[PDB]
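Note that the protein sequences, when read in sequence, are chains B and A.
The authors' numbering numbers the first residue of the first sequence as 1 and each following residue consecutively.
The authors' numbering numbers the first residue of the second sequence as 1 and each following residue consecutively.
Idealized CB from N, CA, C, for every residue including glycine.
Just below is one structure, and these are the notes that go with it.
2 protein chains.
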Amino acid sequence: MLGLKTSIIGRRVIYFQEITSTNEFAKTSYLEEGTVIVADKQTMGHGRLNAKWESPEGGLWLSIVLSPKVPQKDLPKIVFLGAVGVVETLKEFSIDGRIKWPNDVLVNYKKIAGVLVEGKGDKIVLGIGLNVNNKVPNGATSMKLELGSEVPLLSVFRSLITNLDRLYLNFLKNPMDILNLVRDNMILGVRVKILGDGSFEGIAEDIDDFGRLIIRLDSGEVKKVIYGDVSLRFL
Amino acid sequence: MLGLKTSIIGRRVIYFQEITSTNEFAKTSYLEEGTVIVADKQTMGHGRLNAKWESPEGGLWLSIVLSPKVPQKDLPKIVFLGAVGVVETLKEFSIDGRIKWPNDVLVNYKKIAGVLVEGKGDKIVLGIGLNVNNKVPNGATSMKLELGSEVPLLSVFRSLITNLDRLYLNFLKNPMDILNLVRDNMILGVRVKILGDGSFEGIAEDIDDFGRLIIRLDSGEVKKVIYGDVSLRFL
Ligand SMILES: Nc1ncnc2c1ncn2[C@@H]1O[C@H](COP(=O)(O)OC(=O)CCCC[C@@H]2SC[C@@H]3NC(=O)N[C@@H]32)[C@@H](O)[C@H]1O
Ligand SMILES: Nc1ncnc2c1ncn2[C@@H]1O[C@H](COP(=O)(O)OC(=O)CCCC[C@@H]2SC[C@@H]3NC(=O)N[C@@H]32)[C@@H](O)[C@H]1O
Numbered sequence: 001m002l003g004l005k006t007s008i009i010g011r012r013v014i015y016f017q018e019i020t021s022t023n024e025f026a027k028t029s030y031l032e033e034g035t036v037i038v039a040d041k042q043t044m045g046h047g048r049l050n051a052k053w054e055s056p057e058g059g060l061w062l063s064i065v066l067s068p069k070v071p072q073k074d075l076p077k078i079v080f081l082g083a084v085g086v087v088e089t090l091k092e093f094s095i096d097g098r099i100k101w102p103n104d105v106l107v108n109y110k111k112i113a114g115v116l117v118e119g120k121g122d123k124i125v126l127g128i129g130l131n132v133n134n135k136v137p138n139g140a141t142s143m144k145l146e147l148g149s150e151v152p153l154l155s156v157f158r159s160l161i162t163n164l165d166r167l168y169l170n171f172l173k174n175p176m177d178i179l180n181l182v183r184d185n186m187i188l189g190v191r192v193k194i195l196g197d198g199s200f201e202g203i204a205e206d207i208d209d210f211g212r213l214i215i216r217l218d219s220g221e222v223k224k225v226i227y228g229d230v231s232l233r234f235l
Numbered sequence: 001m002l003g004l005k006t007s008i009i010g011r012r013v014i015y016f017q018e019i020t021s022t023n024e025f026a027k028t029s030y031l032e033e034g035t036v037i038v039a040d041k042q043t044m045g046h047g048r049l050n051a052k053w054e055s056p057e058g059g060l061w062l063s064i065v066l067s068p069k070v071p072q073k074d075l076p077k078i079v080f081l082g083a084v085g086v087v088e089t090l091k092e093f094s095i096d097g098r099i100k101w102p103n104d105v106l107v108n109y110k111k112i113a114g115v116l117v118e119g120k121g122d123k124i125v126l127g128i129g130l131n132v133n134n135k136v137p138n139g140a141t142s143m144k145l146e147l148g149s150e151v152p153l154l155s156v157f158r159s160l161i162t163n164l165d166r167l168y169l170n171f172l173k174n175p176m177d178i179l180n181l182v183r184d185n186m187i188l189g190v191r192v193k194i195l196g197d198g199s200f201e202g203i204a205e206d207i208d209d210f211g212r213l214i215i216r217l218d219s220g221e222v223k224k225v226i227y228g229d230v231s232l233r234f235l
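Next up, the structure:
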């Protein structure tokens, strides 16, 4: 009854009033490619690592099942499809989102959405959490707070799924296209610090052909940061 | 993202752009009580004895998984929950739906919806096919045809699910209540022909405490019809 017109993403949608985590469900359940798992609320929503993802009523919490018949090397760009999809949807709603490498979307440096890509067996689960009308953690923002009005959650869902289906279908044919879209929509030319063992600081110059963040240290040294269990701070 | 506020029916919803049959998927798959299976169109939709059910885009084709906590003698009344739910939804849209015992809903004697209940142990599948904006076969009608304007399919879905959840929860508490609602919304006082092993005609007087149709033959003989493989025809 939703009448979705997409080719792959959205062929099937499993909606939950409440769920632990859409990503967890998508990983442990057999689902055909393109299946979207979405819930009004998550009781165990999580981000990267062991970070909790606040998922109250009013937000858009979903996961998409994929298994791209593309080179192994291109897999790490799936996260970017999610981020760019969110950016495109936000633009449709008069909001300018900027990508904070590698999986966050900020609006005036306030986090409005986060992407989490995982894999079980050989299916890839693309998780996206976007704040719409829900309450958000301190420092974060939402479509409602940015527009100062209640936004129809289903309208945002339809928009995002439409953008993702297009981005994904193109990715399957031209896997390098997403990189330039990210470059034109990400925060660059600013100083950042990479936390953890062997931490260092420098200017985030760009992302390379593999999506690695290129940082220029003050000494002139150039380091390439892979995205995974990485922690980045804007200085 | 749907924000359904029902207690049982609609806890989860599995949407399909296309499916063979929501009833077949529901019967076959491992699903929890309250899960709704819905599709834009069905390629192999069916009624009783595998009769063909036209399921083009524009209509509401869904099935609900139930596991009623009521005596076995009450199970046969589940079809009425579907028929009444449809009538209540139609009334919300100012359409005069009337029940044709025991699974059809008519508007000016044209079939606008059909209900099909299938069981197998602890699982009962309640299937409902309602013509909304789709083209229909001769003998049938739709919400769009009766109102003269298209109706938002999702609005019909939300209405029906809300009504069914309420009716179902009350059915668990008071299994006899549904019978009163059927009596008040069913076509009675007219002559009908019962088709099965042979056939007979008489006035459809009412339904008894088991949901059996009570027919008064011209001779004054009273017959009680059980819903198995009997078709009712209006003269
Ligand atoms: N609702 C929210 N809005 C903005 N920031 C939030 C937030 N909830 C938590 N945070 C902060 O963001 C951090 C998480 O950042 P990360 O970069 O690691 O991780 C992320 O940014 C990814 C989030 C992915 C969420 C979706 S919801 C659908 C699907 N199902 C799931 O269980 N997950 C995915 C936390 O440590 C918090 O400090
Ligand atoms: N779209 C339509 N609208 C009105 N009448 C129709 C129709 N398509 C077929 N018919 C007529 O209705 C008769 C079927 O009557 P019955 O009393 O046996 O059977 C019914 O009236 C039950 C129909 C149940 C349909 C739903 S759709 C969701 C779920 N998935 C399924 O596969 N089925 C259920 C056919 O023999 C046709 O003459």
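Close Cβ partners of residue i (< 6 Å) along its chain, the five nearest in sequence each way excluded
| i | result |
| --- | --- |
| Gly34 of chain B | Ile8, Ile9 and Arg11 |
| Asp122 of chain A | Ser67 |
| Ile187 of chain B | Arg98 and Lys100 |
| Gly127 of chain A | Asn23, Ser63 and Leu116 |
| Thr141 of chain B | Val107, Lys110 and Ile112 |
| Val13 of chain B | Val36 |
Candidates the options: closest to residue i by CA position
| i | options | result |
| --- | --- | --- |
| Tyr168 of chain B | B:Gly196, B:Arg98 and B:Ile64 | B:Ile64 |
| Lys110 of chain A | A:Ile99, A:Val117 and A:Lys120 | A:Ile99 |
| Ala51 of chain A | A:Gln72, A:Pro102 and A:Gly114 | A:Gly114 |
| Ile194 of chain A | A:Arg183, A:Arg216, A:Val182 and A:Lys5 | A:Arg216 |
| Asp165 of chain B | B:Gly129, B:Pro56, B:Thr89 and B:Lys144 | B:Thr89 |
| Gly198 of chain A | A:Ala140, A:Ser231 and A:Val190 | A:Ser231 |
| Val136 of chain B | B:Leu60, B:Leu126, B:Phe171 and B:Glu118 | B:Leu60 |
| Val125 of chain A | A:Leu75, A:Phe234 and A:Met176 | A:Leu75 |
| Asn180 of chain A | A:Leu31, A:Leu81, A:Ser94 and A:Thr6 | A:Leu81 |
| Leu153 of chain B | B:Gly129, B:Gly220, B:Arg212 and B:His46 | B:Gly129 |
| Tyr227 of chain B | B:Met1, B:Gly148 and B:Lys77 | B:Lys77 |
Residues near residue i by beta carbon distance below 7 Å, same chain, minus five either side
| i | result |
| --- | --- |
| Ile214 of chain A | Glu205, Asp206, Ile207, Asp208, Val222 and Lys224 |
| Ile19 of chain B | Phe25, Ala39 and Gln42 |
| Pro56 of chain B | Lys41, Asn134 and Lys135 |
| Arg183 of chain B | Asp206 and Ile207 |
| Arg233 of chain A | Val192, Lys193 and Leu195 |
| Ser21 of chain B | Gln42, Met44, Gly45 and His46 |
Neighbour list for residue i in chain B, Cβ cutoff strictly below 8 Å
| i | result |
| --- | --- |
| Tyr109 of chain A | Correct list: empty, because the minimum Cβ distance to chain B is about 26 Å. |
Residue i CB to nearest heavy atom of ligand 2 below 7 Å
| i | result |
| --- | --- |
| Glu57 of chain A | no |
| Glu54 of chain A | yes |
| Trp101 of chain A | no |
| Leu66 of chain A | no |
| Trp61 of chain A | yes |
| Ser155 of chain A | no |
| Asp104 of chain A | yes |
Where residue i meets chain B, residues with beta-carbon distance less than 9 Å
| i | result |
| --- | --- |
| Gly3 of chain A | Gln17, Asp40, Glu57, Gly58, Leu153 and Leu154 |
| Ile14 of chain A | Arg12, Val13, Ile14 and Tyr15 |
Counterpart residues of residue i in DSSP-defined beta bridges
| i | result |
| --- | --- |
| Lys193 of chain B | B:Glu201 and B:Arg233 |
| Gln42 of chain A | A:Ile19 |
| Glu88 of chain B | Beta-bridge pairing links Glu88 of chain B to no other residue. |
| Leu164 of chain A | According to DSSP, which records beta bridges pairwise, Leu164 of chain A is partnered with nothing at all. |
| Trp61 of chain B | B:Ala39 and B:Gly129 |
| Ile14 of chain B | B:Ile37 and A:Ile14 |
| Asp206 of chain B | B:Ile214 |
| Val222 of chain A | A:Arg216 |
| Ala113 of chain B | B:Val105 and B:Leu130 |
| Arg98 of chain A | A:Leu106 |
Contacting residues, own chain, Cβ-Cβ under 8 Å from residue i (five flanking each side not counted)
| i | result |
| --- | --- |
| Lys120 of chain A | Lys27 |
| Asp229 of chain A | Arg48, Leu49 and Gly196 |
| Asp104 of chain B | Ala83, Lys111, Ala113, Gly114 and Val115 |
| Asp96 of chain B | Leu90 and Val107 |
| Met176 of chain B | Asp209 |
| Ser94 of chain B | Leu147 |
Cβ-heavy atom distance, residue i to ligand 1, below 7 Å
| i | result |
| --- | --- |
| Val115 of chain B | yes |
| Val136 of chain B | yes |
| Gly47 of chain B | yes |
| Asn185 of chain A | no |
| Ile112 of chain A | no |
| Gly82 of chain A | no |
| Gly127 of chain B | yes |
| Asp229 of chain B | no |
| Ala51 of chain A | no |
| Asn23 of chain B | yes |
| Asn131 of chain B | yes |
Contacts that residue i makes with chain B (C-beta to C-beta distance below 7 Å)
| i | result |
| --- | --- |
| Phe157 of chain A | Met1 |
Residue i Cβ short of 7 Å to ligand 4 heavy atom set
| i | result |
| --- | --- |
| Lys41 of chain B | Although ligand 4 was asked about, the structure shown includes only ligand 1 and ligand 2 as ligands. |
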